Amino acid sequence: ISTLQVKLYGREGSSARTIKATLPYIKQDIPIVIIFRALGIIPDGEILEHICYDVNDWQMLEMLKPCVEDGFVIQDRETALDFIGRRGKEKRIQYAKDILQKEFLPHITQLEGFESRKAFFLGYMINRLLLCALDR
Amino acid sequence: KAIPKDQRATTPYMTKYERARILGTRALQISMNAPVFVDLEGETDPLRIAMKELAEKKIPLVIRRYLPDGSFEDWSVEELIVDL
Amino acid sequence: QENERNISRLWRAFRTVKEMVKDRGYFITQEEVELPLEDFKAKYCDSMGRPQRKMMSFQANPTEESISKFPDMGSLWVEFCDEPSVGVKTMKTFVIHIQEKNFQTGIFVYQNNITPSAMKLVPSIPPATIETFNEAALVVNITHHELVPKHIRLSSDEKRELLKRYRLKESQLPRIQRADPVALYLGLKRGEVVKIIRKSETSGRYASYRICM
Amino acid sequence: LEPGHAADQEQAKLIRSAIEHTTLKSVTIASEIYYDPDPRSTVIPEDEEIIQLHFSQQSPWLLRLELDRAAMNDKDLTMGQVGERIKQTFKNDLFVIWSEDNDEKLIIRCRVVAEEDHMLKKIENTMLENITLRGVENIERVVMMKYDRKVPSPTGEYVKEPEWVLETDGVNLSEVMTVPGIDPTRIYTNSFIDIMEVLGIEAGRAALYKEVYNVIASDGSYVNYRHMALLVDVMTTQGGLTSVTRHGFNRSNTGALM
Amino acid sequence: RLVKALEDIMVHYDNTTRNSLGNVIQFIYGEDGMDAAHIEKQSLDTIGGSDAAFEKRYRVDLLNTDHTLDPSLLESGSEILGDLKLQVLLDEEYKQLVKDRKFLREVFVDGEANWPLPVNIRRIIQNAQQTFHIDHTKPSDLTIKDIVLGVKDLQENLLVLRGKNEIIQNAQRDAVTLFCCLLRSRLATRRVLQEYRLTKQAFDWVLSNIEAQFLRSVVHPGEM
């Protein structure tokens with residue numbers, strides 16, 4: 001029984017409106033872009049495609065810009081899992097790569113051949129969150 | 001130290017608590033077959049006898065009223081006014 | 001624009017200052033307090049329009065009526081500063097001014113704020129007392145308010161009399177804060193008891209007492 | 001209100017307009033950031049007349065505010081008020097233009113006087129939050145409620161003299177009572193905290209009693225004065241406002257067992 | 001919480017409301033030293049009404065042949081007309097009533113007259129004009145001095161505090177100020193002679209009864 005939380009930092013008025021997430025027994029909260037890149041979806045836009053299911057929605061994407069600004073440091077999968085592992089030498093990746101299978105959203109699958117499922121689902125949660133944040 | 005009989009500042013009237021305490025004490029005394037200083041006139045109840053003994057001011061007791069500073073004024077039951 | 005508002009606020013602050021000083025037991029005529037804005041502008045404002053703030057700073061003298069009760073009460077000096085963020089620089093000038101002029105009470109009326117480096121040397125010149133006051137905090141006389149009863153600063157003999165008649169100790173009196181706006185208004189030192197005379201819906205007049213700490 | 005103008009609600013509206021808080025964000029439809037190179041010729045065809053009339057060193061990045069025409073009437077303020085507010089806020093490091101109220105488009109243009117594009121955003125942020133067009137802070141809203149009042153007639157008796165009183169969602173007594181136009185001697189707030197902080201411990205006592213008594217009498221009940229007076233006095237004798245909790249009177253210098 | 005906070009508070013034998021530390025909460029309990037049980041809502045009919053009605057109801061002018069006491073009211077109303085020495089006392093009484101009107105209108109700014117006070121005077125008066133069976137068509141055997149100086153001396157007996165120093169006496173006159181306003185308002189010469197039509201005996205009985213009930217109404221020391 002695990003509980004995943006997706007937090008939207010910075011209220012109405014703040015400029016640092018980043019979006020982070022809480023993963024099972026991991027020290028600090030991780031930017032969502034890092035999570036997506038740790039799941040295989042590396043470049044921008046495709047992440048937004050996994051989040052914003054309508055390219056016409058400029059508001060939601062505008063709200064997603066500082067998330068891209070946040071996770072601009074990590075530009076590949078290996079360093080993403082390395083980041084999560086640093087939170088929690090290469091062993092940490094195998095630690096990280098375990099948490100995304102056995103602990104991160106276990107209700108879909110605890111296998112190893114499913115990464116796009118949890119990615120799209122996470123993007124769905126982001127979509128709901130922002131829909132609530134945009135007063136829609 | 002003490003407080004002189006003159007220049008006493010407290011109420012010359014007996015408080016209801018003083019009355020209840022005095023009647024209670026005197027009734028406690030009478031209840032243990034102590035001498036009665038008034039005519040019974042048929043009365044047998046120690047409290048009632050104490051009341052009649054109070055109306056005639058025949059109760060040899062004295063109230064020590066304590067001021068918050070530690071001072072105290074003495075007021076005999078015979079002197080205190082009972083208007084209650 | 002901003003000029004008229006500044007002039008008006010400073011004027012009301014000045015009136016309130018006069019009321020305060022005359023309430024502490026100093027000689028200020030009632031006519032002086034009720035100084036019209038036209039006269040104020042025609043006595044303190046320049047021909048250009050700039051309000052010369054330092055032109056207002058005056059001194060006050062204790063009435064003989066006040067000397068009878070408080071003989072040790074000396075002359076007071078009101079000072080309206082021109083500098084906004086007053087640092088230690090003007091503070092030295094004011095302190096040395098009260099020092100040389102040899103007064104007992106110095107009222108420093110600033111218009112914004114005082115640096116902690118300047119308030120570090122304010123309570124350090126006995127027996128003289130220097131009191132800091134914000135101009136915006138004196139625009140309206142708080143003692144004129146409904147819920148504010150009259151406080152009467154009584155002498156040491158009156159205080160000892162109060163402590164004797166109710167056979168009290170200083171810790172048994174009701175207390176008033178030193179930073180209490182009324183205590184600040186009267187300029188109360190620690191230990192100074194005030195007789196607060198309030199109206200009562202059950203007796204009409206009721207006198208409480210508050211020792212300052 | 002002032003002892004003079006009592007029935008003049010037209011002045012009460014002015015006081016309401018001078019007290020009720022009003023931010024720039026509260027009257028803004030939207031904000032945009034354009035790249036407008038030539039200052040004397042705008043890409044937007046709607047701002048051509050504006051820059052044409054404001055003719056009689058800068059930044060290419062433009063900050064364009066669009067305001068709500070209906071909200072400018074509610075708060076009762078002009079474009080000049082807003083523009084001069086922004087100007088007085090940023091002084092010299094922000095060139096500000098705007099359209100007159102007669103136009104059908106309430107627009108404001110702002111320019112700064114590397115990495116500058118994501119530096120103007122913060123500015124507009126501070127333009128939305130940390131900007132007060134008029135009124136006092138915390139004072140979120142003000143309502144003109146006409147109270148009935150018993151006043152001694154010149155002939156002697158008491159007559160109902162109704163006056164306009166300004167109720168308020170929000171509290172900032174330290175700056176509202178110093179406002180020119182109202183009677184600062186009768187001003188009151190349900191927050192006995194602010195009363196105690198501004199007017200003194202005695203006024204705090206009076207307000208505290210007023211509030212407790214208000215709670216009691218609101219139910220339709222009635223408790224004799226001396227009881228509530230005793231409570232308030234005990235809450236107020238320590239010098240400040242002592243609560244009736246384990247933090248208040250239980251921290252007093254009484255007996256340990258008690 | 002309320003109980004545990006106000007627990008150790010009671011009235012001591014100097015009518016001072018204190019705690020276990022002896023700290024003064026109220027110098028005079030309830031600011032008047034009265035027990036709440038012996039307090040009833042009574043109207044202060046001087047705080048209301050026009051100045052014209054106030055004058056019409058309280059002004060006695062022995063120097064005026066129109067605003068004087070009719071010989072039907074007082075037994076000595078004929079030989080009282082024009083008496084300067086008594087008009088001094090009446091001017092004193094009326095002036096005190098005016099001062100009381102000012103004071104009351106300062107205290108209760110809304111002009112409320114009905115306020116809880118000890119000793120129901122109305123019931124005492126209506127008991128006077130019931131015990132002695134006084135008719136409304138007979139000259140009272142009272143005197144201006146009797147009423148004025150009588151009431152003025154009644155206030156000296158309405159004791160709550162009983163010290164001998166200036167402070168305690170000031171607190172005493174402060175604590176009974178309101179009730180004395182009520183007393184002067186109800187026991188004014190015009191009101192006593194015309195509205196009540198009390199006799200000397202009945203008036204003395206009223207004074208004695210008022211004093212008694214006042215002394216009964218005082219809070220008992222030890223009252224938790």
# chains A, B, ... in the order shown; residues from 1 in each chain; ligands from 1
$ residues_around --residues "residue 50 (chain A)" --least-positions-apart "5" --cutoff "10 Å" --atoms "only C-alpha atoms" --output "ChimeraX atom specification"
/A:36,41,45,116,119-124,126-127
$ write_last_selection --atoms "N, CA and C atoms" --output "PDB file, in the first residue's frame"
ATOM      1  N   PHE A  36       9.848  11.655 -15.653  1.00  0.00           N
ATOM      2  CA  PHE A  36       9.548  11.270 -17.028  1.00  0.00           C
ATOM      3  C   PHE A  36      10.796  10.803 -17.768  1.00  0.00           C
ATOM      4  N   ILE A  41      11.012   8.664 -21.338  1.00  0.00           N
ATOM      5  CA  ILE A  41      10.599   9.826 -22.117  1.00  0.00           C
ATOM      6  C   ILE A  41      11.535  10.993 -21.818  1.00  0.00           C
ATOM      7  N   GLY A  45       8.270  18.389 -24.752  1.00  0.00           N
ATOM      8  CA  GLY A  45       7.208  18.257 -25.732  1.00  0.00           C
ATOM      9  C   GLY A  45       6.528  16.904 -25.665  1.00  0.00           C
ATOM     10  N   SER A 116       5.733   3.065 -20.095  1.00  0.00           N
ATOM     11  CA  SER A 116       4.867   4.057 -20.722  1.00  0.00           C
ATOM     12  C   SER A 116       3.530   4.168 -19.995  1.00  0.00           C
ATOM     13  N   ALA A 119       4.098   6.390 -16.995  1.00  0.00           N
ATOM     14  CA  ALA A 119       4.409   7.717 -17.511  1.00  0.00           C
ATOM     15  C   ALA A 119       3.139   8.445 -17.932  1.00  0.00           C
ATOM     16  N   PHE A 120       2.322   7.777 -18.741  1.00  0.00           N
ATOM     17  CA  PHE A 120       1.053   8.345 -19.182  1.00  0.00           C
ATOM     18  C   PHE A 120       0.111   8.584 -18.008  1.00  0.00           C
ATOM     19  N   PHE A 121       0.152   7.697 -17.019  1.00  0.00           N
ATOM     20  CA  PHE A 121      -0.705   7.845 -15.848  1.00  0.00           C
ATOM     21  C   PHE A 121      -0.269   9.041 -15.009  1.00  0.00           C
ATOM     22  N   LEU A 122       1.041   9.175 -14.822  1.00  0.00           N
ATOM     23  CA  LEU A 122       1.597  10.328 -14.126  1.00  0.00           C
ATOM     24  C   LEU A 122       1.196  11.612 -14.840  1.00  0.00           C
ATOM     25  N   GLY A 123       1.306  11.603 -16.167  1.00  0.00           N
ATOM     26  CA  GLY A 123       0.896  12.735 -16.977  1.00  0.00           C
ATOM     27  C   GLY A 123      -0.580  13.042 -16.811  1.00  0.00           C
ATOM     28  N   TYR A 124      -1.377  11.995 -16.615  1.00  0.00           N
ATOM     29  CA  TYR A 124      -2.803  12.152 -16.353  1.00  0.00           C
ATOM     30  C   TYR A 124      -3.025  12.855 -15.018  1.00  0.00           C
ATOM     31  N   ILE A 126      -0.879  14.858 -13.529  1.00  0.00           N
ATOM     32  CA  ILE A 126      -0.468  16.241 -13.749  1.00  0.00           C
ATOM     33  C   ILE A 126      -1.595  17.019 -14.412  1.00  0.00           C
ATOM     34  N   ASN A 127      -2.222  16.401 -15.409  1.00  0.00           N
ATOM     35  CA  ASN A 127      -3.317  17.028 -16.138  1.00  0.00           C
ATOM     36  C   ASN A 127      -4.475  17.388 -15.216  1.00  0.00           C
TER      37      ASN A 127
END
$ residues_around --residues "residue 73 (chain B)" --least-positions-apart "6" --cutoff "10 Å" --atoms "only C-alpha atoms" --output "ChimeraX atom specification"
/B:2-10,63-67 /E:13
$ write_last_selection --atoms "N, CA, C and O atoms" --output "CSV table (one decimal), in the first residue's frame"
chain,number,residue,atom,x,y,z
B,2,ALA,N,-1.8,43.2,65.8
B,2,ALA,CA,-3.3,43.0,65.7
B,2,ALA,C,-3.9,44.3,65.2
B,2,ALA,O,-3.3,45.2,64.7
B,3,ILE,N,-5.3,44.4,65.3
B,3,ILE,CA,-6.0,45.6,64.9
B,3,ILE,C,-6.9,46.0,66.0
B,3,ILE,O,-7.7,45.2,66.5
B,4,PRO,N,-6.7,47.3,66.5
B,4,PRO,CA,-7.5,47.8,67.6
B,4,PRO,C,-9.0,47.8,67.4
B,4,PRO,O,-9.5,47.7,66.3
B,5,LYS,N,-9.7,47.8,68.5
B,5,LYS,CA,-11.2,47.7,68.5
B,5,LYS,C,-11.8,48.9,67.8
B,5,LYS,O,-12.8,48.9,67.2
B,6,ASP,N,-11.1,50.1,68.0
B,6,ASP,CA,-11.5,51.3,67.2
B,6,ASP,C,-10.9,51.3,65.9
B,6,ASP,O,-9.9,50.5,65.6
B,7,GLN,N,-11.4,52.1,65.0
B,7,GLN,CA,-10.9,52.2,63.6
B,7,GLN,C,-11.0,50.8,62.9
B,7,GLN,O,-10.2,50.5,62.0
B,8,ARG,N,-12.1,50.1,63.2
B,8,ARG,CA,-12.4,48.9,62.5
B,8,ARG,C,-13.2,49.2,61.2
B,8,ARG,O,-14.2,49.9,61.3
B,9,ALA,N,-12.7,48.7,60.0
B,9,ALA,CA,-13.2,49.2,58.8
B,9,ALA,C,-14.2,48.2,58.1
B,9,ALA,O,-14.9,48.6,57.2
B,10,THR,N,-14.2,47.0,58.6
B,10,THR,CA,-15.1,45.9,58.0
B,10,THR,C,-16.6,46.2,58.3
B,10,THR,O,-16.9,47.1,59.1
B,63,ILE,N,-16.0,36.5,65.8
B,63,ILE,CA,-15.5,36.3,64.5
B,63,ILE,C,-14.2,37.0,64.2
B,63,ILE,O,-14.1,38.2,64.4
B,64,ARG,N,-13.2,36.3,63.8
B,64,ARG,CA,-11.9,36.9,63.4
B,64,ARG,C,-11.9,37.0,61.9
B,64,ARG,O,-11.6,36.1,61.1
B,65,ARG,N,-12.1,38.3,61.4
B,65,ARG,CA,-12.1,38.6,60.0
B,65,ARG,C,-10.7,38.9,59.5
B,65,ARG,O,-10.0,39.8,60.0
B,66,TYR,N,-10.3,38.1,58.5
B,66,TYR,CA,-8.9,38.2,58.0
B,66,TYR,C,-8.9,39.1,56.7
B,66,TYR,O,-9.5,38.9,55.7
B,67,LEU,N,-8.0,40.2,56.8
B,67,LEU,CA,-7.7,41.0,55.7
B,67,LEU,C,-6.6,40.4,54.8
B,67,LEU,O,-5.8,39.7,55.4
E,13,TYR,N,-12.8,41.1,53.0
E,13,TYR,CA,-13.5,42.0,54.0
E,13,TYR,C,-13.2,43.5,53.8
E,13,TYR,O,-13.5,44.3,54.7
$ residues_around --residues "residue 64 (chain C)" --least-positions-apart "3" --cutoff "12 Å" --atoms "only C-alpha atoms" --output "PyMOL selection string"
chain C and resi 25-27+61+67-74
$ write_last_selection --atoms "N, CA, C and O atoms" --output "PDB file, in the first residue's frame"
ATOM      1  N   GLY C  25       1.657  67.719  31.850  1.00  0.00           N
ATOM      2  CA  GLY C  25       1.784  68.716  32.896  1.00  0.00           C
ATOM      3  C   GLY C  25       2.684  69.874  32.508  1.00  0.00           C
ATOM      4  O   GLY C  25       3.472  70.357  33.320  1.00  0.00           O
ATOM      5  N   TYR C  26       2.565  70.321  31.263  1.00  0.00           N
ATOM      6  CA  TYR C  26       3.353  71.449  30.778  1.00  0.00           C
ATOM      7  C   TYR C  26       2.444  72.595  30.348  1.00  0.00           C
ATOM      8  O   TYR C  26       1.250  72.397  30.119  1.00  0.00           O
ATOM      9  N   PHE C  27       3.010  73.792  30.236  1.00  0.00           N
ATOM     10  CA  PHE C  27       2.220  74.983  29.944  1.00  0.00           C
ATOM     11  C   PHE C  27       1.982  75.178  28.450  1.00  0.00           C
ATOM     12  O   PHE C  27       2.848  75.679  27.733  1.00  0.00           O
ATOM     13  N   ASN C  61       7.406  74.255  29.196  1.00  0.00           N
ATOM     14  CA  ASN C  61       7.728  74.443  30.605  1.00  0.00           C
ATOM     15  C   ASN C  61       6.623  73.924  31.519  1.00  0.00           C
ATOM     16  O   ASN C  61       5.440  74.117  31.240  1.00  0.00           O
ATOM     17  N   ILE C  67       4.450  71.800  39.138  1.00  0.00           N
ATOM     18  CA  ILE C  67       5.619  71.869  40.008  1.00  0.00           C
ATOM     19  C   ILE C  67       5.229  71.493  41.435  1.00  0.00           C
ATOM     20  O   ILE C  67       6.008  70.875  42.163  1.00  0.00           O
ATOM     21  N   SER C  68       4.008  71.855  41.821  1.00  0.00           N
ATOM     22  CA  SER C  68       3.487  71.518  43.141  1.00  0.00           C
ATOM     23  C   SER C  68       3.454  70.005  43.367  1.00  0.00           C
ATOM     24  O   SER C  68       3.813  69.523  44.442  1.00  0.00           O
ATOM     25  N   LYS C  69       3.024  69.263  42.349  1.00  0.00           N
ATOM     26  CA  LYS C  69       2.968  67.806  42.429  1.00  0.00           C
ATOM     27  C   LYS C  69       4.310  67.166  42.084  1.00  0.00           C
ATOM     28  O   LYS C  69       4.805  66.305  42.812  1.00  0.00           O
ATOM     29  N   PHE C  70       4.891  67.587  40.964  1.00  0.00           N
ATOM     30  CA  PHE C  70       6.158  67.034  40.502  1.00  0.00           C
ATOM     31  C   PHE C  70       7.213  68.127  40.358  1.00  0.00           C
ATOM     32  O   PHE C  70       7.369  68.706  39.284  1.00  0.00           O
ATOM     33  N   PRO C  71       7.938  68.415  41.450  1.00  0.00           N
ATOM     34  CA  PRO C  71       8.980  69.448  41.462  1.00  0.00           C
ATOM     35  C   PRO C  71      10.180  69.087  40.590  1.00  0.00           C
ATOM     36  O   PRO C  71      10.826  69.976  40.034  1.00  0.00           O
ATOM     37  N   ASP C  72      10.466  67.795  40.472  1.00  0.00           N
ATOM     38  CA  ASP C  72      11.630  67.330  39.724  1.00  0.00           C
ATOM     39  C   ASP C  72      11.392  67.340  38.217  1.00  0.00           C
ATOM     40  O   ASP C  72      12.316  67.119  37.434  1.00  0.00           O
ATOM     41  N   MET C  73      10.151  67.594  37.813  1.00  0.00           N
ATOM     42  CA  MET C  73       9.813  67.668  36.397  1.00  0.00           C
ATOM     43  C   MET C  73      10.374  68.938  35.767  1.00  0.00           C
ATOM     44  O   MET C  73       9.939  70.045  36.084  1.00  0.00           O
ATOM     45  N   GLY C  74      11.345  68.770  34.875  1.00  0.00           N
ATOM     46  CA  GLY C  74      11.973  69.896  34.210  1.00  0.00           C
ATOM     47  C   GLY C  74      11.340  70.205  32.868  1.00  0.00           C
ATOM     48  O   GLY C  74      10.323  69.615  32.501  1.00  0.00           O
TER      49      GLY C  74
END
$ residues_around --residues "residue 82 (chain B)" --least-positions-apart "3" --cutoff "9 Å" --atoms "only C-alpha atoms" --output "ChimeraX atom specification"
/B:13-16,19,54-55
$ residues_around --residues "residue 143 (chain C)" --least-positions-apart "4" --cutoff "8 Å" --atoms "only C-alpha atoms" --output "MDAnalysis selection string"
(chainID C and resid 148:150 182) or (chainID D and resid 199)
$ interface_residues --of "chain E" --to "chain C" --cutoff "7 Å" --atoms "only C-alpha atoms" --output "compact mmCIF listing (two decimals) with N, CA and C atoms, in the first residue's frame"
# COMPACT_ATOMS: atom_id res chain seq x y z
N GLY E 22 -3.53 37.59 46.45
CA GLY E 22 -3.90 38.87 47.03
C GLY E 22 -3.90 39.98 45.99
N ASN E 23 -3.74 39.60 44.73
CA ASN E 23 -3.73 40.55 43.63
C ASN E 23 -5.11 41.15 43.38
N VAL E 24 -5.19 42.47 43.38
CA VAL E 24 -6.46 43.15 43.17
C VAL E 24 -6.96 42.98 41.74
N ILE E 25 -8.09 42.30 41.59
CA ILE E 25 -8.75 42.18 40.30
C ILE E 25 -9.72 43.35 40.14
N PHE E 27 -11.06 46.66 42.70
CA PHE E 27 -10.89 47.34 43.98
C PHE E 27 -12.20 47.35 44.77
N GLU E 31 -17.52 46.84 40.74
CA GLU E 31 -17.37 48.29 40.63
C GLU E 31 -18.38 49.08 41.47
N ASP E 32 -19.21 48.39 42.24
CA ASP E 32 -20.20 49.06 43.08
C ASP E 32 -20.38 48.39 44.44
N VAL E 107 -22.47 59.04 30.69
CA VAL E 107 -22.26 57.61 30.92
C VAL E 107 -22.99 56.77 29.88
N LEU E 117 -30.01 48.30 39.22
CA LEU E 117 -29.51 48.97 40.42
C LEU E 117 -30.15 48.35 41.66
N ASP E 174 -17.74 57.18 44.81
CA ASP E 174 -17.72 56.71 43.43
C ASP E 174 -18.62 55.50 43.23
N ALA E 175 -18.65 54.62 44.22
CA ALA E 175 -19.39 53.37 44.13
C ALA E 175 -20.91 53.58 44.21
N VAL E 176 -21.32 54.64 44.90
CA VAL E 176 -22.74 54.88 45.13
C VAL E 176 -23.25 56.04 44.28
N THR E 177 -22.41 56.53 43.37
CA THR E 177 -22.76 57.66 42.52
C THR E 177 -24.04 57.42 41.71
N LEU E 178 -24.11 56.29 41.02
CA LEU E 178 -25.27 55.96 40.20
C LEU E 178 -26.54 55.84 41.04
N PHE E 179 -26.47 55.05 42.11
CA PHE E 179 -27.63 54.84 42.96
C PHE E 179 -28.08 56.14 43.61
$ residues_around --residues "residue 138 (chain C)" --least-positions-apart "5" --cutoff "8 Å" --atoms "only C-alpha atoms" --output "list in words"
residues 12, 13, 16, 17 and 133 of chain C
$ closest_residue --among "D:5, D:64, D:118, D:186" --to "chain A" --atoms "only C-alpha atoms"
D:118
$ interface_residues --of "chain A" --to "chain D" --cutoff "9 Å" --atoms "only C-alpha atoms" --output "list in words"
residues 13, 14 and 15 of chain A
$ interface_residues --of "chain D" --to "chain E" --cutoff "10 Å" --atoms "only C-alpha atoms" --output "PyMOL selection string"
chain D and resi 149-159+224-238+243-246+248-250+253-255+258
$ write_last_selection --atoms "C-alpha atoms" --output "CSV table (one decimal), in the first residue's frame"
chain,number,residue,atom,x,y,z
D,149,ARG,CA,-28.7,56.2,16.3
D,150,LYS,CA,-30.2,57.9,19.4
D,151,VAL,CA,-29.1,61.5,19.5
D,152,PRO,CA,-30.1,64.3,22.0
D,153,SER,CA,-32.4,66.8,20.3
D,154,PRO,CA,-31.7,70.5,20.7
D,155,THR,CA,-35.1,70.7,22.4
D,156,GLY,CA,-34.1,68.0,24.8
D,157,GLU,CA,-35.5,64.5,24.0
D,158,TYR,CA,-33.7,61.7,22.2
D,159,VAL,CA,-34.5,61.3,18.5
D,224,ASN,CA,-25.3,40.5,34.8
D,225,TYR,CA,-22.4,42.9,34.3
D,226,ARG,CA,-20.2,42.0,37.2
D,227,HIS,CA,-19.5,38.5,36.0
D,228,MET,CA,-18.3,39.2,32.5
D,229,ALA,CA,-16.6,42.3,34.0
D,230,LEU,CA,-14.8,40.0,36.4
D,231,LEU,CA,-13.7,37.7,33.6
D,232,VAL,CA,-12.4,40.5,31.4
D,233,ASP,CA,-10.7,42.2,34.3
D,234,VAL,CA,-8.9,39.0,35.1
D,235,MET,CA,-7.9,38.6,31.5
D,236,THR,CA,-6.6,42.2,31.4
D,237,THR,CA,-4.9,42.9,34.8
D,238,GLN,CA,-1.7,41.2,33.9
D,243,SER,CA,-6.1,33.8,27.5
D,244,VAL,CA,-8.2,31.4,29.4
D,245,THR,CA,-6.1,28.4,28.5
D,246,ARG,CA,-3.0,26.5,29.6
D,248,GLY,CA,-2.7,32.1,29.7
D,249,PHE,CA,-3.6,32.0,33.4
D,250,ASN,CA,-1.9,28.7,33.9
D,253,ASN,CA,2.7,32.9,39.5
D,254,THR,CA,0.1,31.1,41.6
D,255,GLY,CA,0.3,27.8,43.5
D,258,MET,CA,-3.7,24.8,41.7
$ residues_around --residues "region 64-75 of chain A" --least-positions-apart "3" --cutoff "12 Å" --atoms "only C-alpha atoms" --output "MDAnalysis selection string"
(chainID A and resid 7:10 14:21 30:38 40:52 57:61 78:84 123 126:127 129:130 133:134) or (chainID D and resid 118)
$ select_by_dssp --residues "chain E" --states "strand (DSSP E)" --output "ChimeraX atom specification"
/E:10-11,17-18,24-26,39-43,114-118
$ write_last_selection --atoms "N, CA, C and O atoms" --output "short mmCIF file (atom, residue, chain, number, x, y, z; two decimals), in the first residue's frame"
data_model
loop_
_atom_site.label_atom_id
_atom_site.label_comp_id
_atom_site.auth_asym_id
_atom_site.auth_seq_id
_atom_site.Cartn_x
_atom_site.Cartn_y
_atom_site.Cartn_z
N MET E 10 -12.49 35.77 45.21
CA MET E 10 -13.62 36.09 46.06
C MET E 10 -13.54 37.51 46.60
O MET E 10 -12.54 38.20 46.43
N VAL E 11 -14.62 37.94 47.25
CA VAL E 11 -14.67 39.26 47.87
C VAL E 11 -14.13 39.19 49.29
O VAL E 11 -14.63 38.42 50.11
N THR E 17 -12.01 42.63 45.28
CA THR E 17 -12.01 41.37 44.55
C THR E 17 -10.57 40.95 44.25
O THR E 17 -9.90 41.55 43.41
N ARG E 18 -10.11 39.91 44.94
CA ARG E 18 -8.73 39.45 44.79
C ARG E 18 -8.65 37.96 44.52
O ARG E 18 -9.67 37.27 44.43
N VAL E 24 -5.19 42.47 43.38
CA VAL E 24 -6.46 43.15 43.17
C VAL E 24 -6.96 42.98 41.74
O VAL E 24 -6.33 43.45 40.79
N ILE E 25 -8.09 42.30 41.59
CA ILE E 25 -8.75 42.18 40.30
C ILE E 25 -9.72 43.35 40.14
O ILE E 25 -9.73 44.02 39.10
N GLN E 26 -10.52 43.58 41.17
CA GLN E 26 -11.39 44.74 41.25
C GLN E 26 -11.26 45.35 42.64
O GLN E 26 -11.33 44.64 43.65
N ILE E 39 -30.33 43.13 42.92
CA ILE E 39 -30.26 44.19 41.92
C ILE E 39 -31.39 44.07 40.90
O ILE E 39 -31.62 43.00 40.34
N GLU E 40 -32.11 45.17 40.67
CA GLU E 40 -33.25 45.16 39.76
C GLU E 40 -33.19 46.31 38.76
O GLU E 40 -32.74 47.41 39.09
N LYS E 41 -33.65 46.05 37.54
CA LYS E 41 -33.64 47.06 36.49
C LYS E 41 -34.60 48.20 36.80
O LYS E 41 -35.82 48.03 36.78
N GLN E 42 -34.04 49.38 37.09
CA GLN E 42 -34.83 50.56 37.39
C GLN E 42 -34.53 51.69 36.41
O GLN E 42 -33.40 51.85 35.98
N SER E 43 -35.55 52.46 36.07
CA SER E 43 -35.39 53.55 35.11
C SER E 43 -34.83 54.81 35.77
O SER E 43 -35.21 55.15 36.89
N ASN E 114 -33.32 52.54 31.67
CA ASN E 114 -33.51 51.30 32.42
C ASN E 114 -32.19 50.59 32.69
O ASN E 114 -31.58 50.02 31.78
N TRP E 115 -31.75 50.62 33.94
CA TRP E 115 -30.50 49.99 34.32
C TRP E 115 -30.60 49.28 35.67
O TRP E 115 -31.22 49.79 36.60
N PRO E 116 -29.98 48.09 35.77
CA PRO E 116 -29.96 47.31 37.01
C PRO E 116 -29.26 48.06 38.15
O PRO E 116 -28.09 48.41 38.06
N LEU E 117 -30.01 48.30 39.22
CA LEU E 117 -29.51 48.97 40.42
C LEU E 117 -30.15 48.35 41.66
O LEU E 117 -31.24 47.79 41.58
N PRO E 118 -29.46 48.43 42.81
CA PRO E 118 -30.05 47.89 44.04
C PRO E 118 -31.22 48.73 44.54
O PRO E 118 -31.38 49.87 44.10
#
$ interface_residues --of "chain B" --to "chain C" --cutoff "10 Å" --atoms "only C-alpha atoms" --output "PyMOL selection string"
chain B and resi 67-71
$ write_last_selection --atoms "N, CA, C and O atoms" --output "CSV table (one decimal), in the first residue's frame"
chain,number,residue,atom,x,y,z
B,67,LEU,N,-8.0,40.2,56.8
B,67,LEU,CA,-7.7,41.0,55.7
B,67,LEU,C,-6.6,40.4,54.8
B,67,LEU,O,-5.8,39.7,55.4
B,68,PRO,N,-6.6,40.6,53.5
B,68,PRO,CA,-5.6,40.0,52.6
B,68,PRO,C,-4.2,40.2,53.0
B,68,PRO,O,-3.3,39.4,52.6
B,69,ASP,N,-3.9,41.3,53.7
B,69,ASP,CA,-2.5,41.6,54.0
B,69,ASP,C,-2.0,40.8,55.2
B,69,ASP,O,-0.8,40.7,55.5
B,70,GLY,N,-2.9,40.2,55.9
B,70,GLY,CA,-2.6,39.4,57.1
B,70,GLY,C,-3.3,39.9,58.4
B,70,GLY,O,-3.3,39.3,59.4
B,71,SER,N,-3.7,41.2,58.3
B,71,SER,CA,-4.3,41.9,59.4
B,71,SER,C,-5.7,41.2,59.7
B,71,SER,O,-6.2,40.5,58.9
$ atom_distance --atom1 "CA of residue 22 (chain A)" --atom2 "CA of residue 104 (chain A)"
9.4 Å
